[PDB]
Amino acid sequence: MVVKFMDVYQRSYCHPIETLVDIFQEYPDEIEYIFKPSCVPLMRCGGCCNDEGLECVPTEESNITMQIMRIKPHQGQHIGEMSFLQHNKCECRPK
């Protein structure tokens, strides 16, 4: 079938979407470790706006804590809590 223009534009419009974020990029200081899973699912703002002069940005954020396997080469490894920043509201605003 075809996805009607109405449905396409709505689903792609600026909103919080589940996104897989690499842990190193959220904890670049903890580069001495290896994480399992190396990627975590986080609600992040994504999608397109009604004009090119606007950008999808978060308006209210929140923290979420997840259990991650932290591995240090040849020293040890354990499940540890790690906090991550998630987006609860998004809005299109000028660049």
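Each residue number is its position in the shown sequence, starting from 1.
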property	result
Residue range whose averaged C-alpha B-factor is higher in the record, 23 to 31 or 65 to 73	23 to 31
Which of 7 to 15 and 75 to 83 has higher mean CA B factor, as the PDB entry lists it	75 to 83
From 57, 43, 49, 39, residue of greatest CA B-factor	43
Residue 1 by Cα B-factor - lowest, middle or highest third of the modelled chain	highest
